[PDB]
Amino acid sequence: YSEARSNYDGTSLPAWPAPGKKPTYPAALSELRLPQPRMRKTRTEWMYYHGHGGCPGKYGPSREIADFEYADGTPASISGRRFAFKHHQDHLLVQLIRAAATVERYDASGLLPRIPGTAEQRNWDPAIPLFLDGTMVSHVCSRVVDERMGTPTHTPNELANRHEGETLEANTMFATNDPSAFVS
Amino acid sequence: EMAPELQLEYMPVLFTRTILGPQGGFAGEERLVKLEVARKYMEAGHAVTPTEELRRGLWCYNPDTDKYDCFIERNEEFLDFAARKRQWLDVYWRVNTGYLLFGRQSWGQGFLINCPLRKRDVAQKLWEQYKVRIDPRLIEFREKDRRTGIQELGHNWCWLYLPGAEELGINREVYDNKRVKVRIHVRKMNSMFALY
Amino acid sequence: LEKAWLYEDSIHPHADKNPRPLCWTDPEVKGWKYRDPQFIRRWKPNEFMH
Amino acid sequence: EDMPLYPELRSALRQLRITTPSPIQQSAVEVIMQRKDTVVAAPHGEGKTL
Amino acid sequence: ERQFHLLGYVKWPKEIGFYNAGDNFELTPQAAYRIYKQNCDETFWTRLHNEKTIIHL
Amino acid sequence: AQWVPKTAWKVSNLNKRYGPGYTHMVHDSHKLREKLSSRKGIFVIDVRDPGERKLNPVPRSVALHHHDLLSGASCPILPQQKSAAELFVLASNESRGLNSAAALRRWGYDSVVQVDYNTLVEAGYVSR
Amino acid sequence: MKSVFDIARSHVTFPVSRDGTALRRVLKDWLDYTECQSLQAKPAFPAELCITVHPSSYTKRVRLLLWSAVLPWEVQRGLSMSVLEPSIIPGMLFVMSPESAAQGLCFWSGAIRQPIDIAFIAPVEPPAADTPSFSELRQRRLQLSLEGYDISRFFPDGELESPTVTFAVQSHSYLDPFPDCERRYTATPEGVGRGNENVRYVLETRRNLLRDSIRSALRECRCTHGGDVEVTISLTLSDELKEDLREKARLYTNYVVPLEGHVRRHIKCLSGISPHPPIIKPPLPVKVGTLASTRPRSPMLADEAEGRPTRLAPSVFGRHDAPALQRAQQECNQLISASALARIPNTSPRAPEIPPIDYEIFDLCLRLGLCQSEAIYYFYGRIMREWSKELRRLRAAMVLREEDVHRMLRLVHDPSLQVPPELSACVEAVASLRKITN
Amino acid sequence: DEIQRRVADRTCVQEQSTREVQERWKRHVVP
Amino acid sequence: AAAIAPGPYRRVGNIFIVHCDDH
Amino acid sequence: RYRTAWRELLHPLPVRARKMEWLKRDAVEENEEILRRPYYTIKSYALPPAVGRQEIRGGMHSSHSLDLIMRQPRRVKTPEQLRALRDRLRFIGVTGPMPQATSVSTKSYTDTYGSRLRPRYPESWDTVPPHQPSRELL
Ligand SMILES: Nc1ncnc2c1ncn2[C@@H]1O[C@H](COP(=O)(O)OP(=O)(O)OP(=O)(O)O)[C@@H](O)[C@H]1O
């Protein structure tokens, strides 16, 4: 016969409201954090909303549900691409589980700092508050990438000549405590 | 508290005259300045060695008569006021001295920018390359920039208003004790630091 | 092009064809903004804590 | 006077009767005092020795 | 319609008034009598207003 | 009468000569004790060194770091009702107390009072 | 009866620009009118409350005697330390500013003796007259107006002269007094009129007045329900009430703003702020420019001269050695290095002299709402530092006078005002340790 | 109202001869 | 409800889902 | 406004391209805002996980069921219940011996059928079993 499942277990929310009651409608606007500009969801965004990631034929019932079955109910066989897709789903799940386990072991070992972001992010973004009180070619490559992407701009030498080891200190005389100055 | 091997390269110094910079200080401050910088200061006369009677009181430079005949008793409230006036003068000097570089994208060899610069971005670059924390409300664009911003590619500038100057008495030395001129230079950078 | 019958007046010999009037809507119907007017609010008797 | 020099070096310059630095001395003295490997390149007779 | 709403005129129901064959805004006699009955005692009402109400009637 | 906003009094911190910093240090023991005995809950967060709080333990207190308080990692533990909730910052250093109060104000808690360990002892909140 | 117009006719002679005692006397007299005079002794004007009943018409009107609060002290005081009752019902009418109306209007039960019912109303125009053509006509009329008050803050739509405007109650709420002076203590408009720039009038009156009037007006409602009804609440002002509102707005515009300027100048004076051939050529002021010299070379360069210095740049007129340049700098008192000029400012190292705190002016500003932000910004840190130092001295065991302590204690214990908790606690602790009460 | 307010600026007589009479009639009949 | 959450406290980290939007 | 009238003629991109660039800028700002969050968050056992959340409203989103689960109260109230539930958690493919606390006659599947043998799984489009059990051993 015919099969229609949007979930692994087949369960779902009540598709229809109670008789005589106002229904619930999804958010028509694109999920943009700023209140403006307001834009209606595109068809691709509606597909993402309904669960088909991006285009049709991907991560949805149109791909998960069996393509056919025998008239006596006998199911089809396992295709190589079907096994590959099962392995891909397992790979996503393994990525999630391993990332979560890494976070848990970092928190257990105490490697998660109390200050949000990295030092480069703190030196760049002013919206963050101030918190006071084998082979080696690949290693050299990582070091030079860090040296090139750490400080995108330098303090002008007219203020503090970095060749003499002179650095400027944070002058927070005109700062503000409320984040609205950067949010608005 | 500084390690001895580092402190060997410094020396205690009482500032007689207010000096702006990362190795400067306000008049009447005990500061560990580097050897060469402290030598320059003591040769120019803008600093002395911190004796006990000098730490109690010290003669400072009087700009009205251009002599060092202004005696000052180093008090808690005086040190607080002088530190605050030094912070004001220091941020003014930082903002008024050099340029502010903005690497942005511009399609082709056009004259304008893709996304115009706003006060948030101006304050971001101020904190980034000047280490100055301000709120974007103090920034004022020019008349031609009130509508869109710093969209023009090249040499630009805006106004940065510093409110608290009359309480500190910074009306004489500064050319304009109400606002600063922030020289801005926007460059078409298609490199990794474009982000826009 | 031959399926176009151009007449500078309203007189045309195509009466036996019974040409139906063609109605098309111009896509430009934008008002570019519309703010709602302010009206006097109408109150209910039970609304005042009843 | 803009570059840091000990008083003994000040007296050595006065003994050698040298007051204004040459363009090579205006550039190379600071880099060497920063303890960096420097290539002092200058033409003949411009104070490259000092 | 844009020029109409820009000049600021309103589309009243036919019972009130309408633009006649000469595109002149003719006011219904009933509408004129009701306008009179409402604005009898206003400050701007005048002998000419009464005369025009009789003219419309 | 028209209500003067609480933010209208924040113009005092903009004074470049008499600014706050570039302080709840005084409390009546009896008044603080009766306030705590009327509240009867967990309203005290102690922000100080671990060795310090092991030397001077304070039960019925939340041991948090001021960096966590500022970053906002303790918001679901915070009372979630920022209007009627009043918090007591226990810090041996007045600078740490001011920093924790500023963090709580930034996250939306204005009713934050700084208390000392000796004040808490003489008020009787900490048992012995 | 004593009115603000009488107070101004009395102040007509006080020289405020030349003396500070006269400004203090003016503020003291205004504080006397605000706190020492009775609300029943203050003049009132009649108005009516119309209630239209739509069955889907019947109209019932209530006689109201309204006190107008247009001045800042009246607006911030309200029904504080006063009673409505010692066929007409008393009330108070607040006229807010569009700046404060764009923001969320919030009222609070500040030292009220009776539970009050407040109504946020707005001047609404009929839809036919609400078109942008009539709006432009009203704007042109207001721009060409010759009236005394400022049209930007007071009646920016001409609701006093508009023949078709009606003041409709867009929202309602209530305020219950504090348990100490006599359960919602705050009130903001909701629903229609939320963040509306047109809701600029508040009406405070007896509690449950709207509900009682609606109940008394709804008599046929029972039969119409037994065999859904809507209510429209509007407020109509008498001609004398409108004239008093206009006069208070004009008095504000022409008296309070110069008074606020004088208070700001006085606060600045009390804080210490008073208005005002050699080879090296020093910076000189730029010569006066003629017509063609001031005219730029191109019409596009008109904005280039926006930010320009009024003084020229220092210069050296020849080629010299380093000792000669240093000697010339020392003899001319002018440095050549721009870096040195920027890093070595000519500033006074001593702190500017500042007279002591004026607790009288501070209390007057906080209690009259005149230049309250300036008073806070200029004196709050000073007062906090002085009281903290005095408290440290008292705890370790003066400069703080008992009169100032009493004034600050009264200002803190004043229920009609809200002071920060840190200031309140500091003042209370200093008083408790210095044995000063009331 | 707009017509009257724009005409009264350059009107002949500055007194309220007829407008006060109209206002009196309104105040006596309307309410 | 106006008090601080009682009982023991558990630390909860985060994970990122990163999607490449450009070449 | 001559400078503005001249600048209006200078534009490298059309209006739609400028709107897309500004959307890209907003996306970058969203990434920065998400990165400005702390690394962890102190929670409690009893309260729901969606209590201290820092946050186009009124409509249903794609994470509706997830938000409902986050809003409902937690099902493990105390660490005592946590450990009383976790101690009964059993691992099958774990390396090492396992106890026989409850029953003795009950033998394991590996104890009955060795380690190289698997049950014949129904292989169909819906049931995809782990083929080649020997490839899983590192
Ligand atoms: N600042 C100065 N002012 C005046 N004279 C100088 C200065 N510096 C160096 N001289 C003089 O220049 C002369 C040449 O100096 P030096 O030996 O450095 O030249 P050089 O570049 O090394 O030449 P070569 O490459 O031929 O050896 C010295 O005798 C010295 O007296």
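The rules behind these values
- Residues numbered from 1 in each chain as written, not as in the entry; some residues may be left out.
- Chains lettered and ligands numbered in written order.
- Part of a larger assembly, values for the part shown.
- Heavy atoms only, no water.
- Axes fitted to C-alpha atoms, helices over the stretch in contact; angles between N-to-C directions.
- Helix = DSSP H or I, 4+ residues; strand = E, 2+ residues; numbered from the N terminus.
- Parallel < 35°, antiparallel > 145°, perpendicular 65-115°, else oblique.
- Left-handed = near helix turned anticlockwise from the far one by under 90°.
- Contact = heavy atoms within 4.5 Å.
- Nonpolar A, V, L, I, M, F, W, Y, C, P; charged D, E, K, R; others polar.
- Salt bridge = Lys/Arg side-chain N within 4 Å of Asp/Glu carboxyl O.
- Buried < 20%, exposed > 50% of the residue type's maximum accessible area, 1.4 Å probe, protein only.
- Buried area = accessible area lost by both parts, 1.4 Å probe.
- Pairing = 2+ DSSP bridges.
- Near = heavy atom within 4 Å.
- Polar contact = N/O pair within 3.5 Å; in protein donor to acceptor, adjacent residues only side chain to side chain.
- Areas by Shrake-Rupley, 256 points an atom, 1.4 Å probe, with all protein chains shown as cover.
- Patch = residues over 30% accessible without salt bridge, like charges linked within 9 Å, V, L, I, M, F, W, Y side chains within 5 Å.

As documented in the archive entry, the model was determined using cryo-EM at 3.1 Å resolution.

**Quick notes on the packing of helix α2 (residues 21-36) of chain G against helix α12 (residues 359-368) of chain G**
Residues and elements named next belong to chain G. Here α2 crosses α12 at 40°, and the two axes come no closer than 10 Å. It follows that α2 is oblique to α12 by the angle criterion. In terms of crossing hand, the pair formed by α2 and α12 is left-handed. For the pair formed by α2 and α12, the contact residues are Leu23, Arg24, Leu27, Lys28, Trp30, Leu31, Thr34 and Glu35 on the first element and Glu360, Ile361, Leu364, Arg367 and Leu368 on the second. Each residue belonging to the contact of α2 with α12 can be placed in one class, and the counts come to seven nonpolar, one polar and five charged.

**Let's talk about the pattern of salt bridges**
Under the counting rule described, the total for this entry stands at 64 salt bridges over all chains. Its salt-bridge partner being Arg104 of chain B, residue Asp121 of chain B comes within 3.6 Å of it at the nearest N-O pair. Taken together, the residues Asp121 of chain B in helix α5 (residues 119-130) and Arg104 of chain B in strand β6 (residues 100-104) connect sequence positions 17 residues apart. Both residues of the pair, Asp121 of chain B and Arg104 of chain B, belong to the buried class. The salt bridge partner of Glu1 of chain E is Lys11 of chain E, with a shortest N-O separation of 2.9 Å. Placement of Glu1 of chain E in the segment before α1 (2-7) and of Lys11 of chain E in the loop between α1 and β1 (17-19) is noted, with a sequence separation of ten residues between them. As far as the burial class goes, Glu1 of chain E and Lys11 of chain E line up, both exposed. Look at the salt bridges and you will find they share partners, linking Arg104, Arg118, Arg120 and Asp121 of chain B together with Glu29 of chain J into a network.

**A closer look at the interface of chain B and chain A**
Size of an interface, as often reported, equals the accessible area lost when the parts are brought together. Counting residues at the interface gives 31 residues for chain B, matched by 35 residues for chain A. Of the roughly 3,100 Å² buried where chain B meets chain A, counting both sides, 61% is carbon and sulfur surface. Interface area lost by chain B to chain A is led by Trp127, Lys131 and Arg133 of chain B, which between them contribute 22%. Our count for the contact surface shared by chain B and chain A stands at one salt bridge. When the shortest N-O distance is used, the salt bridge between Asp178 of chain A and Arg137 of chain B registers 3.2 Å. Looking at the side of chain B that touches chain A, the elements with two or more residues in it are α4 (76-97), α5 and β7 (132-134) of chain B. Of the residues that constitute the side of chain B that touches chain A, the class distribution is 16 nonpolar, four polar and eleven charged. Note: strand β1 (residues 171-174) of chain A against β7 of chain B, two bridges, orientation parallel. Residue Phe174 of chain A lies in a different strand from β7 of chain B, and its bridge partner there is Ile134 of chain B.

**So, the site of the ligand**
All names here are of chain D. With respect to spatial proximity, the complete set of residues near the ligand consists of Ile18, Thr20, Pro21, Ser22, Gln25, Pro43, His44, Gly45, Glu46, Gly47, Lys48 and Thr49. For the ligand, an oxygen atom lies 3.2 Å from a polar atom in the backbone of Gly45. The separation between an oxygen atom of the ligand and a polar main-chain atom of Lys48 is 2.6 Å. Summarising the interface, the protein chains cover 53% of the accessible area of the ligand, which totals 650 Å² for the free molecule.

**Points about a nonpolar patch on the surface**
Judged by side-chain polarity, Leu7, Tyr9, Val10, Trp12, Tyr19 and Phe25 of chain E come together as a nonpolar surface patch covering roughly 590 Å² of accessible area. Mapped onto the elements, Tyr9 of chain E comes out in the loop between α1 and β1.

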